[PDB]
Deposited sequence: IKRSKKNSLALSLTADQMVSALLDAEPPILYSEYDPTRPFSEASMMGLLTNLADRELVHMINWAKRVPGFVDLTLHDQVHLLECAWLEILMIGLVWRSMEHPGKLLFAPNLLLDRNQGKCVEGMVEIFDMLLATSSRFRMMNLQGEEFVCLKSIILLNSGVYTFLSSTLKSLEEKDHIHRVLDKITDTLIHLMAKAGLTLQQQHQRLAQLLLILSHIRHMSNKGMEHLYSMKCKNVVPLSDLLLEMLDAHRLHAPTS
């Protein structure tokens, strides 16, 4: 595995060059954004983002070393979290707004169009304002996002084999490398040791909030599946049920 042999700088550049593009939605400002069209737009957007995410994940150092069954599992667990941290990162420079797409910028007053969504909107806004306060760096964000991929389903594995634990062990060695990378970045920005450990902890605690937002979001999503989404996003919701 080359992932454990990457220097910190190579790790950052690998992650930066794998960044997916920022996709546009088919939002028509003249059309009245009803509740049905609002979710239509969000759903079409996420479905196209999933294709890019799957090819992004292949380029995360260490990911392709895992079995295909494990790759599937990690992505099934983490896809909404990954969508959400991307959303929150593109939204940093837009206080009080969520930039779902360069042409879809929303405040909390929208999304009340969709019942139960304004609470999650509020939480995504507060995460975005938190990243703004910390002045999160792009090199730190791609580390965080890679940590979500490798971490969110690492304790939900079947792991029926002693060798299925050896798969968990490699994921932890990669996670440790990314921690090393984050610390490297903070020392280079002039932070002291105490400041490095403090910032490192602050960023990882925000991941617990991202897990919370995704779980609440997922709960509403496979409840909305009951009410009257495409095939890939259908199998993704079904995984959390």
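Going by the record, the unmodelled stretches of the deposited sequence, in order, are 1-7, 236-238, 252-257.
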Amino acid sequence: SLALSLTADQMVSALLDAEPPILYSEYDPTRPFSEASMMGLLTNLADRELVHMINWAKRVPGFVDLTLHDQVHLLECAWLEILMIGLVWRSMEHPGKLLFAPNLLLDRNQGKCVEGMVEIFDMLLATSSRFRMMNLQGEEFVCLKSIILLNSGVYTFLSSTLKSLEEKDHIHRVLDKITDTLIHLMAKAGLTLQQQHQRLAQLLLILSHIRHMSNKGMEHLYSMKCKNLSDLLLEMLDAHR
From here on, numbers count along this sequence of modelled residues.
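Here the rigid core means the biggest group of C-alpha atoms that line up within 1.5 Å when the two forms are laid on top of each other.
Note on 76-84 and 111-119: with rigid core alignment, C-alpha atoms in 8 other deposited structures of this protein sit farther from this form for 111-119. Compared with other PDB entries of the same protein, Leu104 is present in all of those that resolve the residues around it, none of them, let alone a third, dropping it. Compared with other deposited structures of the same protein, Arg132 does not meet the criterion of being unmodelled in at least one third, since all of those that resolve residues on both sides include it. For the pair 116-124 and 137-145, the record assigns the higher mean C-alpha temperature factor to 116-124. Across the two stretches, 20-28 and 219-227, the PDB entry reports the greater mean Cα temperature factor for 219-227.
Ranking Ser159, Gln71, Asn151, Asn103 by the C-alpha B-factor listed in the PDB entry places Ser159 at the top. Per the PDB record, residue ranking by Cα B-factor puts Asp176 in the middle third of the chain. Compared with the other modelled residues of the chain, the Cα B-factor recorded for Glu76 ranks in the middle third.
Among all modelled residues in this chain, the alpha-carbon of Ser129 has a temperature factor (C-alpha) in the middle third. Sort the modelled residues of the chain by CA B factor and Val51 lands in the lowest third.
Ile210: CA B factor lies in the lowest third for its chain, per the PDB record.
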